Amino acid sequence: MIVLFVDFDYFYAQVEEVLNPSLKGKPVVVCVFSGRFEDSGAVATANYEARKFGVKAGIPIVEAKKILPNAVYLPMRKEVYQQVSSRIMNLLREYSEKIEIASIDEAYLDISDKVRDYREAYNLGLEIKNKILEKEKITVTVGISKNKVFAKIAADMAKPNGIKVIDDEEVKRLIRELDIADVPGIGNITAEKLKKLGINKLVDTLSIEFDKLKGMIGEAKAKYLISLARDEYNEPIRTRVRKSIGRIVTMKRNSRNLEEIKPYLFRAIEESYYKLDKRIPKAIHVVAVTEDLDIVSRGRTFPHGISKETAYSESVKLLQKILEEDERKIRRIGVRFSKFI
């Protein structure tokens, strides 16, 4: 088939840039301020300007400020990027109803029944970048190919404001050369493991004994990687349905005392419940990030919908359980709701 992957550029940063065009040209850094102290927090995203100097998502805001003391540091406004993202998705629908929105930032379009070959494809790619440019003034990178993985990779390879095609020929080219750590779903941990057995390329999974690979990375990944090696990988582009909604907050200071954690936990529930909108969850999970940045959680599934009232009460137990089954101090607390009726 033919998948055309769409990825917005420095989305959070660019959105901010669209609303305040004077930001144009400067290093913009959208961050998540934790409130613990002047500049505590991490980076959500940074435009290419901030990026070329090492400012990337996931690092502490304090770090970013050393490298770029005079960079614009804006606080995250996710609801604005969401209203903006939504508008762009609706446009993409105008190009195919077999559309998979993977995130607030990416969309997969199965254009198997629109373009005959990769040529009208590349063309439809251009037609879309322009449409989004004339509509919302947002640059996006377009990745085209036979399956979702390579379309995404195509895009990774062309950003930003790009558009690349990866024909069947290059798919074999890449299966043999592309760095396996560069394959969607392969993080450092798995990558190490992989390139711990030569595996530095997809095809290498074709040579090794299945159980050897399956014993190291699991049945799902060994198959995922193998299916890609054989150029036999297919995953339908499907309407994605949210499976869970939650909220988590950082406490002004670590602690293990229950009365000092409830306010946070309870507010997490207020917002969570807000977002559920009209969804009724049957499972609730209390998620706690320990002082050493570990993650412990306790959940519960009910045979019925959970009222905010019940969510409140049950969360206290799960938290209790957590505390009582681990002796570390919490740093963040939150709740996640799932299994919607």
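Between two forms, the rigid core is defined as the largest C-alpha subset superposing within 1.5 Å. Numbers for residues come from their place in the sequence shown, where the first is 1.
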Q) After a core fit, does 193 to 201 or 235 to 243 show the bigger CA gap to the shown form in 8 other deposited structures of this protein? A) 193 to 201
Q: Compare 116 to 124 with 206 to 214 and report which one shows the larger root mean square C-alpha deviation from this form in 8 other deposited structures of this protein once the rigid core is superposed.
A: 206 to 214
Q | Segment of higher mean CA temperature factor, 193 to 201 or 137 to 145 | A | 193 to 201
Q.
Averaging CA B factors per stretch from the PDB record, which one is higher: 76 to 84 or 173 to 181?
A. 173 to 181
Q: Going by the CA temperature factor in the entry, name the top one among 268, 107, 228, 124.
A: 124
Q: Sort 235, 100, 117, 232 by C-alpha B-factor from the entry and give me just the highest.
A: 117
Q | Third of chain Cα B-factors occupied by residue 240 | A | middle
(Q) Using only modelled residues of the chain, where does the Cα B factor of residue 131 rank: lowest third, middle third or highest third? (A) highest
Q: Compare the C-alpha B factor of residue 13 with those of the other modelled residues in its chain, then answer lowest, middle or highest third.
A: lowest
Q. Going by the entry, which third of its chain does the Cα temperature factor of residue 217 land in?
A. highest
Q. Residue 162's Cα B-factor: lowest, middle or highest third of the chain?
A. highest
